[PDB]
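Some notes on the structure that comes next.
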Amino acid sequence: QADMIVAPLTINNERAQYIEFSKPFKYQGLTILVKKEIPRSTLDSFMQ
Amino acid sequence: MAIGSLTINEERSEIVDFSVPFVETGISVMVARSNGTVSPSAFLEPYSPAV
Amino acid sequence: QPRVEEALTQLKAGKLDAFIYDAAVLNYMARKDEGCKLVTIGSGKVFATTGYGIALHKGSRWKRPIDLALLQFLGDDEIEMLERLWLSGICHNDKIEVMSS
Ligand SMILES: O=C(O)[C@@H]1[C@H](C(=O)O)NCCN1C(=O)c1ccc2c(ccc3ccccc32)c1
């Protein structure tokens with residue numbers, strides 16, 4: 001259905017056994033993304 | 001084979017064929033370690049303008 | 001500077017301000033360094049990035065088995081252990097340190 005994939009496509013070993021890849025056009029890793037937490041001290045009161 | 005510290009290059013690619021890279025190489029920059037500032041507007045910081 | 005090690009001394013003495021070279025050979029020297037006084041800014045900002053590799057004979061028919069096996073280690077966590085080996089040092093390029101002067 002298509003002859004050449006042009007998209008962000010990570011190189012693995014399983015898929016590499018059925019296709020031929022090329023040299024990567026970008027190097028990247030897998031970093032966890034989390035929602036940024038806004039700092040705010042609790043300090044219920046001066047009585048604490 | 002020529003396993004070693006061989007950087008994949010366009011010119012080398014047309015006389016020999018390489019494998020999938022196992023170590024990344026680029027063009028980086030060094031600098032001495034920075035001591036660190038103290039936010040020169042620090043005196044008004046440990047509070048809020050509302051307070 | 002005609003010597004990699006000599007350039008560091010000039011950089012460490014304030015003569016220079018930035019040494020530019022390959023990441024895979026300059027990150028290792030940044031990691032393995034007493035005092036941890038050298039930190040790089042090549043945290044994904046490497047320019048014209050081409051990796052290493054195993055050369056072959058352009059018709060050697062070993063390319064597919066080598067690539068399949070090499071990708072297996074990269075697909076697994078095998079190469080990472082060898083990175084915690086020699087291509088590593090006691091100094092940490094990450095800050096992980098606070099100083100009050
Ligand atoms: O890319 C380069 O410039 C070449 C080569 C190429 O494909 O041409 N690709 C690999 C980089 N390299 C070099 O000559 C070179 C230069 C300096 C060190 C080492 C290897 C180990 C070290 C250890 C301590 C200090 C310096 C070094 C290799």
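Labeling convention for the structure tokens: chains A, B, ... as they appear, residues from 1 per chain, ligands from 1 in order of appearance.
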So which residues are near ligand 1, meaning at most 6 Å away with only C-alpha atoms and all ligand atoms counted, given back as a PyMOL selection string? (chain B and resi 5-7) or (chain C and resi 4+25)
Dump as a Markdown table the rows for residues of chain A within 12 Å of chain C: closest atom pair and distance in Å with one decimal, only C-alpha atoms counted, ordered by chain and rising residue number.
| residue | atom | partner | partner_atom | distance |
| --- | --- | --- | --- | --- |
| A:10 | CA | C:75 | CA | 10.4 |
| A:11 | CA | C:71 | CA | 8.2 |
| A:12 | CA | C:75 | CA | 5.9 |
| A:13 | CA | C:71 | CA | 5.4 |
| A:14 | CA | C:72 | CA | 8.7 |
| A:15 | CA | C:68 | CA | 10.0 |
| A:16 | CA | C:68 | CA | 7.0 |
| A:17 | CA | C:68 | CA | 7.2 |
| A:18 | CA | C:68 | CA | 10.7 |
| A:19 | CA | C:64 | CA | 10.6 |
| A:20 | CA | C:64 | CA | 9.0 |
| A:21 | CA | C:67 | CA | 10.1 |
| A:22 | CA | C:67 | CA | 11.4 |
| A:23 | CA | C:50 | CA | 8.7 |
| A:24 | CA | C:50 | CA | 8.8 |
| A:25 | CA | C:49 | CA | 9.0 |
| A:26 | CA | C:49 | CA | 8.3 |
| A:27 | CA | C:49 | CA | 8.1 |
| A:28 | CA | C:44 | CA | 8.0 |
| A:29 | CA | C:44 | CA | 9.7 |
Got time to write the residues from that selection, C-alpha atoms, as a PDB file, in the first residue's frame?
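And here's out07.pdb as it stands now:
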ATOM      1  CA  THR A  10      11.797   4.575  16.076  1.00  0.00           C
ATOM      2  CA  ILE A  11      14.273   1.921  14.948  1.00  0.00           C
ATOM      3  CA  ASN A  12      13.859  -1.462  16.623  1.00  0.00           C
ATOM      4  CA  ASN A  13      14.968  -5.047  16.003  1.00  0.00           C
ATOM      5  CA  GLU A  14      11.576  -6.708  15.485  1.00  0.00           C
ATOM      6  CA  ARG A  15      10.571  -4.420  12.622  1.00  0.00           C
ATOM      7  CA  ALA A  16      14.136  -4.435  11.266  1.00  0.00           C
ATOM      8  CA  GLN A  17      13.734  -8.120  10.341  1.00  0.00           C
ATOM      9  CA  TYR A  18      11.095  -7.276   7.708  1.00  0.00           C
ATOM     10  CA  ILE A  19      12.307  -3.930   6.292  1.00  0.00           C
ATOM     11  CA  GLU A  20      15.535  -2.061   5.641  1.00  0.00           C
ATOM     12  CA  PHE A  21      16.039   1.231   7.453  1.00  0.00           C
ATOM     13  CA  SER A  22      18.311   4.217   6.802  1.00  0.00           C
ATOM     14  CA  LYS A  23      20.627   6.303   8.932  1.00  0.00           C
ATOM     15  CA  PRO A  24      18.518   8.250  11.459  1.00  0.00           C
ATOM     16  CA  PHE A  25      17.730  11.867  10.641  1.00  0.00           C
ATOM     17  CA  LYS A  26      17.343  12.742  14.334  1.00  0.00           C
ATOM     18  CA  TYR A  27      18.538  11.319  17.648  1.00  0.00           C
ATOM     19  CA  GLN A  28      16.146  11.223  20.588  1.00  0.00           C
ATOM     20  CA  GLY A  29      15.374   9.340  23.771  1.00  0.00           C
TER      21      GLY A  29
END
Residue hits in chain B, query chain A, radius 10 Å, only C-alpha atoms, as a PDB file with C-alpha atoms, in the first residue's frame:
ATOM      1  CA  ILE B   8      30.072   7.352   9.997  1.00  0.00           C
ATOM      2  CA  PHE B  18      28.548   0.801   7.753  1.00  0.00           C
ATOM      3  CA  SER B  19      26.213  -0.750  10.310  1.00  0.00           C
ATOM      4  CA  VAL B  20      23.584   0.745  12.596  1.00  0.00           C
ATOM      5  CA  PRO B  21      25.385   3.177  14.941  1.00  0.00           C
ATOM      6  CA  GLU B  24      26.220   8.838  19.025  1.00  0.00           C
TER       7      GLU B  24
END
Would you give me, as a PyMOL selection string, the residues of chain C that come within 8 Å of chain B, using only C-alpha atoms? chain C and resi 11-12+17-26+36-42+45-59+63+66-67+70-71+74+79+99-100
